[PDB]
Every structure is written in C-alpha cells, then in structure tokens.
Amino acid sequence: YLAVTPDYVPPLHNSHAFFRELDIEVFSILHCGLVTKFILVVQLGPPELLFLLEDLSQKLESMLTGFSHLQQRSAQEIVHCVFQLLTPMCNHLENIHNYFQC
C-alpha cells in the first residue's frame, strides 16, 4: 500500500522519523541462536535478526561516530551495554559464516 501512494505523512528516508523509537533493552532477545530454513524454541529467524541488526547499526552510527531517547543516555553506558551483547553476537557471526561456507 505504500507503493501506489505518491506521498503520505501520517503521525526509507522516513523509516526512523515516522516510527516509534526502540530502547536499548530490546536487543537482549539476541541470546537465542538463529535457525535457517533451507539447510535445516521459537527459533529467531534470519529476517527479524536482520531487522534487529539494522536498528542497532542505525543507533551506533548516530551515537558513537532525530533520535531522542538514545541521546539522553551516557556514551560510556552505551558502549558498555553494547559490549555486554558481544558474546551472543559472535556466535551468530560464526553460524552465518558456516552457513555461507556450506
């Protein structure tokens, strides 16, 4: 329904401005490992994981190197909390590495 309308502004350039902000706490769901379909719990899939990584990347490139809730937090706090999520992230990286080498 977006494509047919030329423009519409109800309260990819408007992806983050129009949508409601997401807090840092949501990324805790990353602890569940991904399950791919073709190669073969609720099994967090590829596309939602891409969505999470997209939002986290758009947070980081704004903070470290619009947003309201993210910018009223300490930079040291943000770095520490991102570090906190390092160990369930490298497992995803290793798993997709094995996906591609497969």
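Residues numbered from 1 in each chain as written, not as in the entry; some residues may be left out. Part of a larger assembly, values for the part shown. Heavy atoms only, no water.

- As recorded in the PDB header, cryo-EM is the method behind this entry, and the stated resolution is 3.7 Å.

## Focus on helix α2 (residues 46-63)
Working step 1: Relative to the 26 Å expected for 18 residues at 1.5 Å per residue, α2 spans 26 Å between its end C-alpha atoms, a close match to the ideal helical length.
Working step 2: Of the residues making up α2, those classed as buried are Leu 49, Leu 52, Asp 55, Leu 56, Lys 59 and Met 63. Seen along its axis, α2 keeps its buried residues to an arc of 130°; they face one direction. Pointing more than 90 degrees away from the buried face of α2 are the exposed residues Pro 47, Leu 50, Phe 51 and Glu 61.
Working step 3: Looking at the buried residues of α2, the elements they touch are α3 (75-84) and α4 (87-101). (Helix = DSSP H or I, 4+ residues; strand = E, 2+ residues; numbered from the N terminus. Expected span 1.5 Å × (residues − 1). Buried < 20%, exposed > 50% of the residue type's maximum accessible area, 1.4 Å probe, protein only. Arc of directions from axis to C-beta. Contact = heavy atoms within 4.5 Å.)

## Brief notes about the environment of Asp 55
Working step 1: On the secondary structure map, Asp 55 appears in helix α2.
Working step 2: Not counting the four nearest positions on each side in its chain, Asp 55 is found in contact with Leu 22 and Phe 27.

## Here's the deal with empty space enclosed by the protein
Once rolled over the atoms, a probe with the size of a water molecule shows which space is left empty.
Working step 1: When its volume is computed, the largest cavity comes out at roughly 40 Å³.
Working step 2: Lining the largest cavity are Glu 21, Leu 22, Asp 23, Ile 24, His 69, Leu 70 and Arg 73.
Working step 3: One number sums up the size of the second largest cavity: a volume of about 30 Å³.
Working step 4: Among the elements of the structure, α2 and α3 are those that each provide at least two residues to the lining of the second largest cavity.
Working step 5: Ranked by residue count, the leading element in the lining of the second largest cavity is α2, at four residues.
Working step 6: Taken together, the residues that form the lining of the second largest cavity break down as seven nonpolar, no polar and one charged. (1 Å grid on protein atoms, 1.4 Å probe; cavity = no way out; pocket = protein on both sides within 12 Å on 5 of 7 lines; lining within 4 Å. Points joined across faces, edges and corners; volume = space filled by probe spheres on them. Nonpolar A, V, L, I, M, F, W, Y, C, P; charged D, E, K, R; others polar.)

## A word on the pattern of salt bridges
Working step 1: Counted under the stated rule, the structure contains two salt bridges.
Working step 2: Across the salt bridge formed by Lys 59 and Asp 55, the nearest N and O atoms sit 3.0 Å from each other. Taken together, the positions of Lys 59 and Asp 55, both in helix α2 and four residues apart, correspond to about one turn of that helix. Across the pair, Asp 55 and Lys 59 agree in class, each one buried.
Working step 3: Residue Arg 73 pairs with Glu 77 through a salt bridge whose shortest N-O separation is 2.9 Å.
Working step 4: Residue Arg 73 is classed as partly exposed on the basis of its relative accessible area of 31%.
Working step 5: Here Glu 77 falls in the partly exposed class, since its relative accessible area comes to 30%. (Salt bridge = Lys/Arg side-chain N within 4 Å of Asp/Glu carboxyl O.)

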